[PDB]
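Engineer: Pasting the sequence and an experimental structure:
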Amino acid sequence: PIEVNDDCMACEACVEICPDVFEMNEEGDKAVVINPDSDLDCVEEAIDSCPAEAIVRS
Ligand code: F3S
């Protein structure tokens with residue numbers, strides 16, 4: 001499933017783009033995945049919009 005790696009911080013950008021695919025952890029200390037098998041371009045915008053490009057279709 002999609003992964004935001006660990007190096008990621010918590011910009012919440014991907015969450016602000018697709019909070020249905022990527023949501024804040026328990027404390028927002030890391031971007032947690034919600035749709036480990038989405039099917040939208042949100043991943044494209046969630047990645048592009050992501051400067052840390054920690055999001056990958058691993
Ligand atoms: S920094 Fe982390 S919170 Fe989303 S926007 Fe890039 S995976």
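Structural biologist: Arrived safely, thanks for sending. Numbering: from 1, shown residues only.
Engineer: from here on, contacts and neighbour counts on C-alpha atoms
Structural biologist: Will do.
Engineer: in this protein, which residue is closest to the centre?
Structural biologist: In the chain, the centroid-proximal residue (C-alpha atoms, centre = their mean) is residue 22; its distance is 4.2 Å.
Engineer: which non-adjacent residue is nearest that residue?
Structural biologist: residue 33 (4.6 Å; C-alpha to C-alpha, 6 or more residues apart in numbering).
Engineer: who are the neighbours in contact with that neighbour?
Structural biologist: Residues in contact with residue 33, defined by C-alpha atoms under 8 Å, 6 or more residues apart in numbering, are 2-4, 21-23.
Engineer: Likewise for residue 8?
Structural biologist: 30-31, 52, 54.
Engineer: Distance to the ligand, secondary structure and neighbour count added to those, as CSV?
Structural biologist: Compiled in CSV, those are given as follows (distance: C-alpha to the nearest ligand atom, whole Å; DSSP: H, G, I helix; E, B strand; the rest coil; neighbours: other C-alpha atoms under 10 Å):
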residue, distance to the ligand, secondary structure, neighbour count
30, 6, coil, 19
31, 5, strand, 26
52, 5, coil, 15
54, 5, coil, 16
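Engineer: Give me every residue in the protein lying close to the ligand.
Structural biologist: Applying C-alpha under 6 Å from any ligand atom, we find that the chain lies next to the ligand at 4, 8-14, 31, 50, 52-55.
Engineer: quick one: which of those sit in strands?
Structural biologist: Here DSSP state E is the test, and the residues of the chain next to the ligand give residue 31 as lying in strands.
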